[PDB]
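The analysis underlying the following values was restricted to heavy atoms, covering all of them including side chains, and did not include hydrogens, waters or symmetry mates. Order of appearance sets the numbers: ligands from 1, and atoms from 1 within every ligand. The sequence lines fix the lettering, A, B, ..., with proteins before strands; numbering per chain opens at 1.
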Amino acid sequence: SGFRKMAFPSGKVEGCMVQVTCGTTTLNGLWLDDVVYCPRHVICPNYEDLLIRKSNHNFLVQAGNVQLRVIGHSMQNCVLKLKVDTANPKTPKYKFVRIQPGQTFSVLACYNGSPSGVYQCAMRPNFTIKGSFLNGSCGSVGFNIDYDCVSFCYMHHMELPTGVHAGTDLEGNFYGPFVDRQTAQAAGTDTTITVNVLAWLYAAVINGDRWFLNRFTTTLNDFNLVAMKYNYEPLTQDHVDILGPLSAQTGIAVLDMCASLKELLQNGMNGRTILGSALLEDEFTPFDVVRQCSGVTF
Amino acid sequence: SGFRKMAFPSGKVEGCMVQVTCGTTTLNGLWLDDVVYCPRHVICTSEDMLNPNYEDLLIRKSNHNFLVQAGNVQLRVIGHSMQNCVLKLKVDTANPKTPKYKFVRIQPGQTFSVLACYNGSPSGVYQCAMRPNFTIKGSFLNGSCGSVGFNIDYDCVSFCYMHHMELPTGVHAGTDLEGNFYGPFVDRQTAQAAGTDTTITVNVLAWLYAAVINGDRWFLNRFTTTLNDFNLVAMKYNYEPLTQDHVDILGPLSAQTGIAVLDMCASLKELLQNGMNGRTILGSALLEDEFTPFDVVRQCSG
Ligand SMILES: CN(C)C(=O)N1Cc2ccc(Cl)cc2[C@H](C(=O)Nc2cncc3ccccc23)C1
Ligand SMILES: CN(C)C(=O)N1Cc2ccc(Cl)cc2[C@H](C(=O)Nc2cncc3ccccc23)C1
Ligand SMILES: [Cl-]
């Protein structure tokens, strides 16, 4: 029993964290094979113009107490790739994957190439992440672990004026309509990740919390009219299919659980809590719920 | 900016997780140097758990009755001893991934990270606190026994908890790494119940200071309180008494925000009376109590 916000074990990623220094700027890098990946703003804009003026010895890369020698440098979108003379002996089996809003991942927050914390979070529908980051965190990465393969999905680049965070995939493409520049940028109006809330309601049922259940069902169209009114993301037939195993396990059809959510949105919790929470949690996907409620290991 | 429930990076602990098998029972062990630590109930059958005599059960065991697996490698047990509720299995190989470590016993209200494991393999990491009733509200299934709680300060891992059992309310009980249980619990299937749980007051105040540091001031008020008047109100909401030690501990946060501890206590009294009125504090609709004053400073300052 119990339901916690749980991150993947960070060990495979900790062995890849390095410190990258260029001039006065110091941030984090990801050392995989003989390449160190980091945000391109470490050179700071006309990034092609700034990068051409740099030589290999302008970048100081530190892996623990060992200095790595940079033998090449190139740019791919908003990520800087620093070729080093040594392949990382702790390189895990890995992939670079771009994730969709609503998908969750673990973030290994780092400062000066040293991991300080690990937390779980979701890519919001407005493409921001509600993280916990201070100056020097840039270059910290987001990942998922499937079997023994680490899928790197996020690299931290900046904090927006509302305190939320913006970054790229490991190919340097931003999530959301952001640019790596000191300029007026704002996150769009956020919405609730509906399929994730339903997954968390199934996790509550699995843990013995049933007060919110009711005899009612709904059509997918009637629920989506309600979701739009409460700034909830539309629920697709794909989402309904994805919730299938949880629906079969608890004996509560997905549209039956949707009628609980529709009543919770129009009436509130009425002093009650679900899994110790007074708000509807949306940072657990249907796969996270199955993985945690069945003890899948890495 | 931002405030998250944050666990320590688990790498140093992942390299210590092993699988321990004795008969039909399989649980997790912590391999440090040439010793594997695990709950002593691994020697029990489910028909022994009601009233086990661990000295009697252990004396009947030989080294080859314990199968220890570190990844795909079998470790050879060359000795076995019991220390309180923990079994110590001497092995013929020192763990090359042994980090700098300490065994520390923690007090209620203290937080730590849990590396949840099954069959010696880590599956997840989460942050939690020792409750005032000595239980932990974890996320554990059968086979998680032997999973450990830790903190990392500098490069030293301080092991503070080893999971042993789930109580009937779904909460968990365990020991420090010397085998001494937290709370009035015993490693037996006898009827045991956790005492009434209470809110960790010093932790809620620390989290209200974190909210102020992140620009949230809606809950502040022009009032102050005596320490005694605060405790008389707080007790009525099942909140732990706040001691002068707690007031002293909140001193740095009080100096940093410019809000005296007894001034923040009056905000907490008001919040308990009014509720949140549709508002949130640090994205939460409830008062959070699993961040200590030390966690708040570490996360907000480095
Ligand atoms: C936020 N700020 C006023 C800055 O000094 N920045 C300006 C800026 C502009 C563009 C880009 Cl791509 C990066 C940055 C930097 C940036 O966002 N880094 C930070 C990341 N995460 C948490 C941060 C908390 C505090 C400070 C800085 C953080 C540095
Ligand atoms: C709770 N129960 C009736 C059991 O199966 N047990 C009885 C029992 C009694 C004493 C001691 Cl020291 C250990 C145990 C075992 C136990 O608590 N293990 C579990 C640990 N954590 C989460 C668990 C979720 C589910 C099941 C079992 C969990 C096994
Ligand atoms: Cl302590």
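- Taking the six-membered ring where the residue is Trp, the centroids of B:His164 and B:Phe185 are separated by 6.0 Å or more.
- Using modelled atom types, no side-chain atom of A:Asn28 and backbone atom of A:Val20 make a donor-acceptor pair closer than 3.5 Å.
- Looking at ligand 1, you won't find any N or O of A:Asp180 less than 3.5 Å from one of its N or O atoms.
- Below 4.0 Å from some heavy atom of B:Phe140 lie the following atoms of ligand 2, by number and element: 21 (N), 22 (C), 23 (C), 24 (C).
- Nearest-residue assignment for atom 16 (C) of ligand 1 (options A:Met158, A:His41, A:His156; heavy-atom criterion): A:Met158.
- In terms of protein heavy-atom proximity, atom 17 (O) of ligand 2 is nearest to B:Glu166 N, 3.0 Å.
- Of the protein's heavy atoms, B:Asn142 N, 3.9 Å lies nearest to atom 25 (C) of ligand 2.
- In this structure, B:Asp295 does not pair ionically with B:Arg298, as no charged nitrogen and carboxylate oxygen lie closer than 4.0 Å.
- Within the 6.0 Å centre-distance limit, the rings of A:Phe284 and A:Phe3 are counted as a close aromatic pair.
- In summary, the aromatic rings of A:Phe8 and A:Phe298 are positioned with their centroids under 6.0 Å apart.
- Distance screen at 4.0 Å: atom 29 (C) of ligand 1 has no protein heavy-atom neighbour inside the cut-off.
- Here A:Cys138 has side-chain heavy atoms under 4.0 Å from ligand 1, and that is the only part of it that gets that close.
- In this structure, atom 21 (N) of ligand 1 has a protein heavy-atom contact shorter than 4.0 Å.
- Test A:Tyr175, A:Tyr154, A:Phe143 against A:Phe105 for ring-ring contact (aromatic ring centres under 6.0 Å, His included) and you get one pass: A:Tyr154.
- Shown here, atom 7 (C) of ligand 2 is in close reach of the protein: a heavy atom of it lies under 4.0 Å off.
- Taking a cutoff of 4.0 Å between a charged side-chain nitrogen and a carboxylate oxygen, B:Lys137 and B:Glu290 do not qualify as a salt bridge.
- At a threshold of 4.0 Å, the pair B:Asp289-B:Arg131 counts as salt-bridged, since one of the basic side-chain nitrogens sits closer than that to a carboxylate oxygen.
- Nearest to atom 15 (C) of ligand 1 by heavy atom, out of A:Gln182, A:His157, A:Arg40, A:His165, is A:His157.
- In this structure, atom 13 (C) of ligand 1 is in close contact with the protein, since a protein heavy atom lies within 4.0 Å of it.
- From the protein, the heavy atom lying nearest to atom 23 (C) of ligand 1 is A:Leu134 C, 3.7 Å.
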